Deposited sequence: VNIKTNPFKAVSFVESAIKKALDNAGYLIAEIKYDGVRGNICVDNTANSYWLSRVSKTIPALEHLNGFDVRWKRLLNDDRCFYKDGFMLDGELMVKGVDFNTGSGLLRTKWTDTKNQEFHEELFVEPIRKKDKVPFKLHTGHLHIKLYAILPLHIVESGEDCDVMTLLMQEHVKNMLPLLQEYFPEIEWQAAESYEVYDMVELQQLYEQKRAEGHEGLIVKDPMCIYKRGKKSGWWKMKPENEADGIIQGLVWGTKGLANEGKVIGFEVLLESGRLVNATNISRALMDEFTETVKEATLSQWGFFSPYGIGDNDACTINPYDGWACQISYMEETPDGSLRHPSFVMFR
């Protein structure tokens, strides 16, 4: 319909599905699931761009990057550009300096609060323009525009799309050096233990997930199977009543990675996969409370959280009630 960009939206973690992609492909693409605003930058053969969203609506802080710019004409003419018909870039639009969800608020703002262009005071009525020098973007796909307009799936499997994006990247950086153009970080994992290892390595850096991509899946339209969110999206309850610590026999952590959480049903779940920042914050609390013994692991560790009711998140649920890949969300 009238530029219904309608991008590929990953479906939620389904381990059986991912296991079948793995078997059939020989590995899995896994990228960080960035938290920003998804941009679908349409550039036509008229040398016009549209900084659209996942919902085919223009993005306020970036509405000022739309319309005609000669450098798109020159980029399309370039040998190295394969989309002479025009193209759509798919990726995450991040702001530099701020945290996620300040960046995102910044992008949806129209009326100031200054991270502005003008320049490189304000009291009201001012169309805010996000300064390009604040925009960091992370591309994961690019489509020939006529396929975006038709609604059809773009028949480029995942492993090829990355070639198409690493090839577009220097034309973009050359002609438009205002913006920080980059490719999403992708890792190729050969087994399910490698997938879990990577996932929690990234939870530990405060990224709350990955998008697992079937390397042989093509670029599909709308929410469809093939791209999977590996992120705890089922939230849940319980009381904390224990501390799970950190594997001193073979691993990264020497102090508290989560809680023993008694679930409503009678299940004891060890809700861990947390940020590193929450790990080191929880250990100080454990370390201090126990230092009214002075020792710190007639005497045992005070957990200054036993009995604390909480909300745990998990990825999915096995027949026998097992919660697959559970993490802590917040006490409640």
Inset, instruction - Where the model has no C-alpha, note the corresponding stretch of the deposited sequence, numbering from 1. - result: 121 to 128, 306 to 313
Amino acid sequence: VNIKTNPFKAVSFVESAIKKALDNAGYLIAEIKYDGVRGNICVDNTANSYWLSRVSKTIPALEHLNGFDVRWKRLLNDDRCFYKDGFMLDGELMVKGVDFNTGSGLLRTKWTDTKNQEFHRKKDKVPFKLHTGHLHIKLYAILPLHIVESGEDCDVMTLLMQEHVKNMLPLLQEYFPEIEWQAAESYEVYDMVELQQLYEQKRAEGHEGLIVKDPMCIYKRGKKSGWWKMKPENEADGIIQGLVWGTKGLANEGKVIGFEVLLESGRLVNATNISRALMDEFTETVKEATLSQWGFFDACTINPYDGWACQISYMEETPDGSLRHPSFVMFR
From here on, numbers count along this sequence of modelled residues.
Legend entry - Selected stretch [higher average CA B-factor]: 31 to 39 or 261 to 269: 261 to 269
Legend entry - Entry-level comparison of average CA B-factors, 93 to 101 and 134 to 142, reporting the higher stretch: 93 to 101
Legend entry - Residue, from 291, 274, 70, 61, that the PDB entry assigns the highest Cα B-factor: 291
Legend entry - Selection by C-alpha B-factor (highest) of 178, 113, 205, 153: 113
Inset, instruction - Ordered by C-alpha B-factor within the chain, which third holds residue 56? Give me lowest, middle or highest, please. - result: lowest
Legend entry - residue 12 - which third its CA temperature factor falls in, relative to the rest of the chain: lowest
Inset, instruction - Could you look up the Cα B-factor of residue 242 in the entry and say which third of the chain it sits in: lowest, middle or highest? - result: middle
Legend entry - residue 315 - which third its CA temperature factor falls in, relative to the rest of the chain: lowest
Legend entry - residue 46 - Cα temperature factor, lowest/middle/highest third of chain: middle
